[PDB]
Protein chains: 2
Amino acid sequence: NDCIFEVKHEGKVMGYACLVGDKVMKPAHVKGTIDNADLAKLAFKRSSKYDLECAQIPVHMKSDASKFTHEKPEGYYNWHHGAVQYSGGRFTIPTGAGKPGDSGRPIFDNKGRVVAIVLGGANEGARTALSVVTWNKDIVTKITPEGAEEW
Amino acid sequence: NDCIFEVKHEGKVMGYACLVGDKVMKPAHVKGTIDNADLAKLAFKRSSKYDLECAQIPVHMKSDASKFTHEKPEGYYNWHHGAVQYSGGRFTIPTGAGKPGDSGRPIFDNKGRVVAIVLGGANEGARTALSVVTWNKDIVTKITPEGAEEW
């Protein structure tokens, strides 16, 4: 709720940035700048291999960072627009939820820990398969289902 | 309660020394002499890499030694000036607690065992992070966050 910041361009909202651990993450394909006067001055590194950019959080903001884990048991998870179902190694969301411009939203576990960042999604009749970026011990990985499109 | 001795310099209180296990421990950066007449006569060894000084406990005072362990599960702990929380590999306390000259205080477990000596910390708005000297199997180790300052 407090860890989400908006990225704007010419008055419109393009997407969100999130503070996790000690790093700031922003999707690579999203245009614009960060509204916060202090975060806007950070230098970023880019990698097109995962569509990620990251930077180091300044000291005085560390108390506002969210917690994270890597464990992914089967069950139900929550996010800004409702619940998301995890089964079979894939995230699914009821059709109609989510629109372009809402990329960068976290997915939370029951205790509020971050498990994934949503970057678009695929088209299917009754249920939507999501395209996500997740992590593991000392690695990151990009998981993209067939037919995924950018949001 | 009984294991803490006061170190003074020219009438002013500089810090505390702890009697733990079979050793007397004092932070290296604190000046002054030990109030106890017997302890002031001991020979000391120094290591500037860990900011520690220690000496062997004399025979007739050993009955005052506290117990200790090395296990550090996540949870809550207590100290002289309030509560301390341990999570994420760091010890943190609410902002405003702690003042210069209080260095050398123990952190206690639920059963009264010593787990750490506190030597300063880093300060931000809502919370502070402590700089601590801790130990592990057959070694000692020093953990210091970015921006820490001495107390």
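Miscellaneous remarks
- Taking the centroid of alpha carbons for each part, segment B:87-151 and segment A:78-151 are 39 Å apart.
- For chain B, share of DSSP beta bridges that run antiparallel, in % to the nearest 5: 95
- Nitroxide proxy distance, nm - points 7 Å out along Cα→Cβ at A:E10 and A:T95: 3.4
- For the options A:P73, A:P58, A:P94, a Gaussian network treatment of chain A with springs between C-alpha atoms closer than 10 Å singles out A:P73 as fluctuating the most.
- In the elastic network of chain B, a GNM with C-alpha springs shorter than 10 Å, the most mobile of B:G96, B:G104, B:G11 is B:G11.
- Computed across chain A, the Kirkwood radius stands at 16.1 Å (inverse of mean 1/r, all Cα pairs).
- GNM flexibility winner over chain A from A:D35, A:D51, A:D138 (Cα, springs under 10 Å): A:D138
- Principal semi-axes of the equivalent ellipsoid, √(5λ) from the alpha carbon gyration tensor of the protein assembly as shown, are 51, 21, 15 Å from largest down.
- Summed side-chain charge close to B:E146 - residues other than B:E146 whose Cβ falls under 13 Å, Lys, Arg +1, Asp, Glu -1: -1
- Centre-to-centre separation between the Cα atoms of segment B:1-71 and those of segment A:12-31: 50 Å.
- Chain A, relative contact order [Cα under 8 Å, separation at least 6], %: 18
- Remark: chain B carries a charge dipole of roughly 240 debye about the Cα centre, counting +1 on each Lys and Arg Cβ and -1 on each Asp and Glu Cβ.
- Dipole magnitude (debye, nearest 20) for segment B:1-45, charges at Cβ of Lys, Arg, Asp, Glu: 240
- With at most 13 other Cβ atoms within 10 Å, longest stretch of chain B clear of loop GluC sites (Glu not before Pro) (DSSP): B:75-145
- Cα gyration tensor shape of segment B:58-101, rounded if a/c is under 1.5, else prolate or oblate by comparing a/b with b/c: oblate
- Three-way shape call for segment A:67-151 based on the alpha-carbon gyration tensor, with the a/c threshold at 1.5: prolate
- For segment B:67-151: relative contact order, % (alpha-carbon pairs under 8 angstrom, 6 or more apart): 25
- Relative contact order (%) - criterion: Cα under 8 Å, at least six apart; region: segment A:1-66: 34
- Residue-averaged beta-carbon neighbours from other chains (10 angstrom radius) around B:120-132: 2
- Cα gyration tensor shape for segment A:1-66, rounded if a/c is under 1.5, else prolate or oblate: oblate
Readers should treat all values here as calculations from the given coordinates under stated rules, not as data from a laboratory. Every residue, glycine among them, receives a Cβ derived from its backbone with ideal geometry; neighbour counts consider all protein chains shown.
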